[PDB]
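Residue strings, one per chain:
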Amino acid sequence: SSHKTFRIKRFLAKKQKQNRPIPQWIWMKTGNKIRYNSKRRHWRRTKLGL
Amino acid sequence: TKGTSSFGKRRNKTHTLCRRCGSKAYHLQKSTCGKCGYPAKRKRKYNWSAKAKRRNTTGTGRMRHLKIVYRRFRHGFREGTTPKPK
Amino acid sequence: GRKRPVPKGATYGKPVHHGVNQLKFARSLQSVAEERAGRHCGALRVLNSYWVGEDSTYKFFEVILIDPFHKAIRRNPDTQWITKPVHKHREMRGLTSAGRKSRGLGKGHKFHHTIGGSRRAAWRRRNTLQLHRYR
Amino acid sequence: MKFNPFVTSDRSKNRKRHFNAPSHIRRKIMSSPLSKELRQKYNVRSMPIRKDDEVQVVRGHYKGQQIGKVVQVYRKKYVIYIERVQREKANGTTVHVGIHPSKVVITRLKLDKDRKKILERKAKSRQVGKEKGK
Amino acid sequence: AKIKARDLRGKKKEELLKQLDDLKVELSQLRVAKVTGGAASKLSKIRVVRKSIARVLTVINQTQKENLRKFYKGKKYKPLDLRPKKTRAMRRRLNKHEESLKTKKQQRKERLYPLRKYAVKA
Amino acid sequence: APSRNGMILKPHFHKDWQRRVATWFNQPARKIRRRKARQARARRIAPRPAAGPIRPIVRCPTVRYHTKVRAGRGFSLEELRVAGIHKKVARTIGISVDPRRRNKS
Amino acid sequence: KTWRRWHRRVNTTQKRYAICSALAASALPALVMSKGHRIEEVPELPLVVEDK
RNA sequence: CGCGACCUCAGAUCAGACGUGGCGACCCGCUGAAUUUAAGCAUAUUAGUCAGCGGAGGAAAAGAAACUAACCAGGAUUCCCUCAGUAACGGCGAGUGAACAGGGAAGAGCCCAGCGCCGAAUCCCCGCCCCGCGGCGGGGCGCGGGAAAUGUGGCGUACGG
RNA sequence: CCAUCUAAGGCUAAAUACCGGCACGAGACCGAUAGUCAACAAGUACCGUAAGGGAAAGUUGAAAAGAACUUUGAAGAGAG
RNA sequence: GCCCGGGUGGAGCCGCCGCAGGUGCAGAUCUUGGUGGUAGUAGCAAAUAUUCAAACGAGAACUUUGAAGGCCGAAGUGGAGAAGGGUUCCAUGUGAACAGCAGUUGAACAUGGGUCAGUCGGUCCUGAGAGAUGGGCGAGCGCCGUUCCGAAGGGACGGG
RNA sequence: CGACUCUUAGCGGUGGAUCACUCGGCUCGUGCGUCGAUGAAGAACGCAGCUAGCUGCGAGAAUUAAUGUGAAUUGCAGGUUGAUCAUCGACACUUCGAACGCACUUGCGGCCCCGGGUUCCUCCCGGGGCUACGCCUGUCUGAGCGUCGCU
Ligand SMILES: [Mg+2]
Ligand SMILES: [Mg+2]
Ligand SMILES: [Mg+2]
Ligand SMILES: [Mg+2]
Ligand SMILES: [Mg+2]
Ligand SMILES: [Mg+2]
Ligand SMILES: [Mg+2]
Ligand SMILES: [Mg+2]
Ligand SMILES: [Mg+2]
Ligand SMILES: [Mg+2]
Ligand SMILES: [Mg+2]
Ligand SMILES: [Mg+2]
Ligand SMILES: [Mg+2]
Ligand SMILES: [Mg+2]
Ligand SMILES: [Mg+2]
Ligand SMILES: [Mg+2]
Ligand SMILES: [Mg+2]
Ligand SMILES: [Mg+2]
Ligand SMILES: [Mg+2]
Ligand SMILES: [Mg+2]
Ligand SMILES: [Mg+2]
Ligand SMILES: [Mg+2]
Ligand SMILES: [Mg+2]
Ligand SMILES: [Mg+2]
Ligand SMILES: [Mg+2]
Ligand SMILES: [Mg+2]
Ligand SMILES: [Mg+2]
Ligand SMILES: [Mg+2]
Ligand SMILES: [Mg+2]
Ligand SMILES: [Mg+2]
Ligand SMILES: [Mg+2]
Ligand SMILES: [Mg+2]
Ligand SMILES: [Mg+2]
Ligand SMILES: [Mg+2]
Ligand SMILES: [Mg+2]
Ligand SMILES: [Mg+2]
Ligand SMILES: [Mg+2]
Ligand SMILES: [Mg+2]
Ligand SMILES: [Mg+2]
Ligand SMILES: [Mg+2]
Ligand SMILES: [Mg+2]
Ligand SMILES: [Mg+2]
Ligand SMILES: [Mg+2]
Ligand SMILES: [Mg+2]
Ligand SMILES: [Zn+2]
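So, how was this worked out
Residues numbered from 1 in each chain as written, not as in the entry; some residues may be left out. Chains lettered and ligands numbered in written order. Part of a larger assembly, values for the part shown. Heavy atoms only, no water. UniProt positions renumbered as here; feature names shortened; annotations may be inferred. Near = heavy atom within 4 Å. Polar contact = N/O pair within 3.5 Å; in protein donor to acceptor, adjacent residues only side chain to side chain. Helix = DSSP H or I, 4+ residues; strand = E, 2+ residues; numbered from the N terminus. Nonpolar A, V, L, I, M, F, W, Y, C, P; charged D, E, K, R; others polar. Pairing = 2+ DSSP bridges. Buried < 20%, exposed > 50% of the residue type's maximum accessible area, 1.4 Å probe, protein only. Contact = heavy atoms within 4.5 Å. Buried area = accessible area lost by both parts, 1.4 Å probe. Salt bridge = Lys/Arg side-chain N within 4 Å of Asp/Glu carboxyl O. Patch = residues over 30% accessible without salt bridge, like charges linked within 9 Å, V, L, I, M, F, W, Y side chains within 5 Å. Areas by Shrake-Rupley, 256 points an atom, 1.4 Å probe, with all protein chains shown as cover. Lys, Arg positive; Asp, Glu negative; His and termini not counted. Charge placed at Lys NZ, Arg CZ, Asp CG, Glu CD. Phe/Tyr/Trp six-rings, centres within 6.5 Å; stacked < 30°, edge-to-face > 60°. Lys NZ or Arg CZ within 6 Å of the ring centre and 35° of its normal. Axes fitted to C-alpha atoms, helices over the stretch in contact; angles between N-to-C directions. Expected span 1.5 Å × (residues − 1).

As recorded by the PDB entry, chain D carries the name Ribosomal protein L26 and is attributed to Oryctolagus cuniculus. UniProt lists a comment for chain D under the heading Subunit (literature references left out), and it reads "Component of the large ribosomal subunit. Interacts with DHX33 (By similarity)." Per its UniProt entry, chain D bears the Sequence similarities comment "Belongs to the universal ribosomal protein uL24 family."

By the naming in the PDB entry, chain A goes by 60S ribosomal protein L39-like and is assigned to Oryctolagus cuniculus. Of chain A, the UniProt comment under Sequence similarities (unreviewed entry) reads exactly: "Belongs to the eukaryotic ribosomal protein eL39 family."

A. The arrangement of the protein's contact with RNA strand J in detail. Residues in contact with RNA strand J amount to 25 residues; listed here are only the nearest, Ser1(A), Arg41(A), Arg11(B), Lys13(B) and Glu35(C). A breakdown of the atoms of RNA strand J within 4 Å of the protein gives sugar and phosphate a share of 68%. Between RNA strand J and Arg11(B) there is a distance of 2.3 Å, counted from a sugar or linking oxygen to a backbone nitrogen or oxygen. In the environment of RNA strand J, a phosphate oxygen lies 3.0 Å from a nitrogen or oxygen atom belonging to the side chain of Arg4(G). Those elements that place two or more of their residues in the surface near RNA strand J are α1 (6–17) of chain A together with α1 (29–40) of chain C. Ranked by residues supplied to the surface near RNA strand J, first place goes to α1(C) with three residues. Taken together, the residues that form the surface near RNA strand J break down as seven nonpolar, five polar and 13 charged.

B. Fine view of the sheet that holds strand β1 (residues 15–17) of chain B. All names here are of chain B. Reading across the sheet, the three strands line up as β1-β2-β3 and stay open at both edges, with antiparallel pairing between neighbours. The open sheet has two edge strands with one neighbour each: β1 and β3 (32–33). Strand direction decides the pairing type here: strand β2 (residues 24–27) and β3, joined by two bridges, are antiparallel. Opposite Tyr26, over in β3, you have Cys33 as the bridge partner.

C. Structural view of unusual backbone geometry. Backbone geometry places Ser31(B), a non-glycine residue, at a positive phi of 50°. Inspection of the secondary structure assignment puts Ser31(B) in the loop between β2 and β3. The class of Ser31(B) is partly exposed, set by a relative accessible area of 36%. Of note in this structure, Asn43(D) is not a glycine but carries a positive phi near 55°.

D. Main features of the interface of chain F and chain C. Listed by partner, the interface residues are 11 residues for chain F and nine residues for chain C. Regarding the contact of chain F and chain C, the summed buried area is about 920 Å², with carbon and sulfur atoms giving 55% of it. Summed over the shared surface of chain F and chain C, the result is zero salt bridges. Where chain F touches chain C, the interface holds eight residue pairs in polar contact. Going through the elements one at a time, β1 (21–23) and α1 (27–44) of chain F are the ones with two or more residues in the side of chain F that touches chain C. The element best represented in the side of chain F that touches chain C is β1(F), accounting for three residues. The residue inventory of the side of chain F that touches chain C, partitioned by class, reads seven nonpolar, two polar and two charged. Where strand β3 (residues 129–131) of chain C lies against β1(F), three bridges are found, and the strand directions are parallel.

E. A look at a positive patch on the surface. Residues and elements named next belong to chain E. Side chains of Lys2, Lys4, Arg6, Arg31, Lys34, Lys45, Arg47, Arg50, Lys51 and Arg55 sit close together on the surface and give a patch of like positive charge. If you list the elements that add at least two residues to the positive patch, you get α1 (13–36) and α2 (40–72). If you tally residues by element for the positive patch, the top one is α2, at five residues. As for its placement among the helices and strands, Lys34 is situated in helix α1. In this structure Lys34 comes out as partly exposed when scored by relative accessible area, which is 49%.

F. Fine view of the arrangement of the chains. The pair of protein chains exhibiting the most contacts, out of eight pairs of chains in contact, is chains C and F. Taking C-alpha atoms only, the smallest gap left between chain A and chain G, which are not in contact, amounts to 39 Å. Left apart from each other, chain B and chain G have a closest C-alpha approach of 22 Å.

G. How the structure looks around the packing of aromatic side chains. Following the criterion strictly, the structure yields eight aromatic pairs over all chains and no others. Between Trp17(F) and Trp3(G), the aromatic rings sit 6.5 Å apart at their centres with planes inclined by 55°, giving tilted as the arrangement. With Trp17(F) in the segment before β1 and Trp3(G) in the segment before α1 (12–25), this pair bridges two chains. With relative accessibility at 24%, the residue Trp17(F) sits in the partly exposed group. You can call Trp3(G) partly exposed: its relative accessible area is 22%. Aromatic rings pair up to connect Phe13(F), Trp17(F) and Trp3(G) into one cluster. In this arrangement the basic side chain of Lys77(D) is found over the ring face of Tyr74(D), its NZ or CZ atom lying 3.7 Å from the centre.

H. Broad picture of the pattern of salt bridges. One pass over the full model with this rule turns up 16 salt bridges over all chains. The salt bridge involving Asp52(D) is made with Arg50(D); its shortest N-O contact spans 3.6 Å. We classify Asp52(D) as partly exposed; its relative accessible area is 28%. Ionic pairing is found between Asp16(F) and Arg19(F), a salt bridge with its closest N-O pair at 3.9 Å. Among the residues examined, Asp16(F) registers a relative accessible area of 44% and is labelled partly exposed. With a relative accessible area of 65%, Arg19(F) lands in the exposed category.

I. Region of the structure containing the sheet that holds strand β3 (residues 54–57) of chain D. Residues and elements named next belong to chain D. Taken in spatial order, the four strands of this open sheet run β5-β4-β3-β8, and their pairing is antiparallel. Edge positions in the sheet fall to β5 (79–82) and β8 (104–106), since each has one partner strand and no second. Sheet twist, expressed as the average angle between the axes of neighbouring strands with direction ignored, equals 50°. Bridge count between strand β4 (residues 68–74) and β5: four bridges; the pairing is antiparallel. Within β5, the position partnered with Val70 by the bridge is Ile82.

J. Geometry of the environment of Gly99(C). Residues and elements named next belong to chain C. Considering the arrangement of structural elements, one finds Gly99 in helix α3 (residues 97–101). For the pair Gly99 and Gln30, spaced 69 residues apart in sequence, the C-alpha separation works out to 7.9 Å. The contacts of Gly99, once residues within four sequence positions are left out, are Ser31, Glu34 and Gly94.

K. Geometry of α1(C). All names here are of chain C. Along its 12 residues, α1 runs 16 Å from first to last C-alpha, staying within 8% of the 16 Å computed at 1.5 Å per residue. Residues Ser31, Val32, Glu34, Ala37 and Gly38 constitute the buried set of α1. Where α1 is buried, its residues meet β1 (45–54), β2 (59–66) and α3.

Here it is, written out as structure tokens:
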């Protein structure tokens, strides 16, 4: 919706910022077990609640 | 009609985000949170669901002040003094 | 008295629990009054209370409260016990003279139900298994 | 046999403490023995390793009589790197091979003021212990 | 090159604020340089300027509150910041004087009949 | 259902007895703690008797035990007065005193 | 359940009997050797040394 | 009518304090079922238990007899062993069910109102001076203010005074 | 007739309780379908409007020494 | 049930006398996980329709351009909004996975960008209604009630 | 013979059993036994040169000061008068939240004091400090054909 509240817009902004993939220098640290970002969300699949 | 066809009509929401507990349980028409009962002074907590009690109990969050007092206690709440300088 | 807060009658269950409007509260009206005064004045401590008048539909009690943070009592050795944190809400925990009467506290053959702290304590002590290490 | 009730002998607890010790405990843990000459001179048996002490490698594929200067101490990996022990990888670049300090002996120390303070303290404590043992 | 808190203590507030302003403008220049593309040497300095700003602010606040409580020590009523900060329960206990004083009846009793040290033969 | 022959039993396990069960796995630790407290108090009161104040001779109040003699709660005021001991000084010099007990004999 | 019967009690006379039997059997070379102890050089198996 | 006391009751962003909410294993006060057992079931039982409400502490509650007993008498409370699956209750069916004495752990006793006697001999707060003040106290000076005789303090409480 | 207390006001530590919290010690216990639901970015992902429901998932190697270089293919992918 | 031989494997294991148990599976429309025949089978058939040439490219029935023939036919398969979605918008790049054929293409993936207000709305008013205080009730969290058992105005021309 | 099918073995797939490991649980015990209007528990949003999650932290934002220690952190860069770690007593601690000017859109105020406009003469802009309910002691201002006293 074009009409939206400030807190809704802020929550959307945080969720959008969280959706990037991991930096390529992570996976080759020493004590690392992370292969990829498993929390990525697609707008078609999962609908953010709300 | 009562199923798939009816599922298309839902386009206005019943709940929104609570200002106290943060969950999406603030009933707008009743103006009341269904998880913490926000307008009430006391938080909503029934002990017929230990899982719900343990989901948002004291040990779950930042503990940004209780964590500090836990270690202040180990010195008798020492205050107003500093270690000897070099 | 106290009638059962149930929708119309409908105290669903066996007939022994069908009573509605002949039941009696376990605490006295004096204790109820003390607890109401204590709840309204949360910064004071309830000491005692007494009866001053009654009619068909009301009972009137005057209750003594003490401000625990006033110097006039905090500097007096023999009344500073009430300023201790242990004595918060005596009327709510049934520790005043009027509240104690309903707990069945006493000494002798008339008060075996409350050997120990209270009814809760006596029931606990009587209703556990002492499974010793050796048996 | 351990009799102190406040120190544990549990394997899992000891391993957890060892693998999550902070850096200033890592410094203590990665200590290596002195050579015979240094031991006789300073009356001290072991010393935590520093950045540019030199070493004889005693155990492993690289054991030998070569004095090697340590280049840097990787405390996260519980390892030190010696300027001579190394191997070449596929592309030809040479990388250092990790050696644990416990399999390492110092030839001579880097005498900093803190180092000599530590040495004198260790020697004094050992000597007073021996005198009490007399 | 390195700003330390040891030598900032003797200085007074004016030049401390001036140095804080210089650090702030340097930090702003560092940020704009980072956005427009700068050397890794300039990128790394951002943390050191931030920490220097933190040190200056900490010294300012420490001296200010030290002076404030030194000035207020001689007064009956203090600000809540300067009042002792322990647990809420311990803040409202009886103090040492009103915890120690005794009624003179008990004073009389313990004066007349004190505890005695004694032993009995086997 | 009853078997061939045996005793009729009335086990009192028709409540939620498994929630209120008192295991005694802390019995040795309790004994150790009581001991330590006992010796701590004994050291605290340096020359005084460890057991405490002396107590009096009493007869057990029952046909089953009236032939036996116990240790009582404390000496009574008649005995203290006829022995020339002040009721307030007896407690501080080590004599247990109670005012409830009478003296019929 | 934690309230299993972990501990057992034995009669004091039986405990003393077991102790006496063990002490008596410790004095026989055949039984001590069959226990696996190497005592072929021991001068006398009820081995007693002074209080020094 | 006016002026002045007292009583009762208001108003304050008046000066200085105090409560709220959380956790809730253990504790205290209420409210409080039905599954189940009875080979059915309504009294019983589950059970004064679950759920619900309120209030604390490091422990809580209880506590120094308007007691137990009937003995040649014991002597606050609390906890363990035993009394005892006993006395007793119960469609006397299913089932339920203590206490005294005895041995131990621990052990500690006290204070008001009243009755009376002391020139209210009592208490709180504001100002100045001196001490240390990070648990706001001690001493002095104030023809400083107030509380209080519709009763503050000392003596004194069933063991007598 | 006897016996025993003195109600309708108040304070009081110790012995006692403790599946929450802080910090510890141990075990004839379980050993990744077990043991807490959770050994791992677990009350996480995800589902439901909501009350609420709720996983799967440990192991290269001593050391990355993690396969330079040549060759076919667009590449995945192969041969040396 | 077990003992040897051979192979793989890379760090612990067993015999005897006792002790203890969460101690032996073919089934429970058993629980979890894995894999078959069916089977390269059913099927990829609602709304008339595509064709020629060129370019790019390893690769073209599906991409792009041009040409032709068609459909929607203004109550549209057009142009804009509300609710809802929340970056899906735009440019560049990729073709591992997805788009139930394919793709040089995409609402896919990867890098970056993009929403500018005194006048457009919110913000203000009150509607149906919701909801404090006073009061009442309530063991109690609280509930009823909205002018009703209230000392309910902190405002003002002017004058001193 | 050839195909197909069946059986057994070798090898290779598919799958992830078994075994061996265990910074995790479960159970028992011990000492302590501490939250909050000086703003708790909880939630939201932000903070790293390269940072999504987890963790840590709060516009001083993967941390400041102080003390102890004594040469690192590390995935890549950059740069002993004390690097890094630990301890933690100084300081600081955004928005909601009992949540406190009124409401919950972050909308609308009021009062006092400062800095800009002014050169206070008022607006306007920015900054700072207050503005919740109940209740206790005292102070001030009051009300009453309530009980009185003098005129
Ligand atoms: Mg959808
Ligand atoms: Mg609650
Ligand atoms: Mg009841
Ligand atoms: Mg009565
Ligand atoms: Mg030692
Ligand atoms: Mg049979
Ligand atoms: Mg039989
Ligand atoms: Mg049946
Ligand atoms: Mg039936
Ligand atoms: Mg019934
Ligand atoms: Mg019942
Ligand atoms: Mg309950
Ligand atoms: Mg509370
Ligand atoms: Mg507490
Ligand atoms: Mg108590
Ligand atoms: Mg008495
Ligand atoms: Mg008794
Ligand atoms: Mg028997
Ligand atoms: Mg019958
Ligand atoms: Mg019963
Ligand atoms: Mg008894
Ligand atoms: Mg004893
Ligand atoms: Mg008097
Ligand atoms: Mg009395
Ligand atoms: Mg009494
Ligand atoms: Mg009491
Ligand atoms: Mg042990
Ligand atoms: Mg396995
Ligand atoms: Mg594996
Ligand atoms: Mg291995
Ligand atoms: Mg087992
Ligand atoms: Mg099977
Ligand atoms: Mg086909
Ligand atoms: Mg359209
Ligand atoms: Mg369009
Ligand atoms: Mg697009
Ligand atoms: Mg496809
Ligand atoms: Mg314009
Ligand atoms: Mg209402
Ligand atoms: Mg085969
Ligand atoms: Mg971030
Ligand atoms: Mg520092
Ligand atoms: Mg340092
Ligand atoms: Mg609005
Ligand atoms: Zn909520």
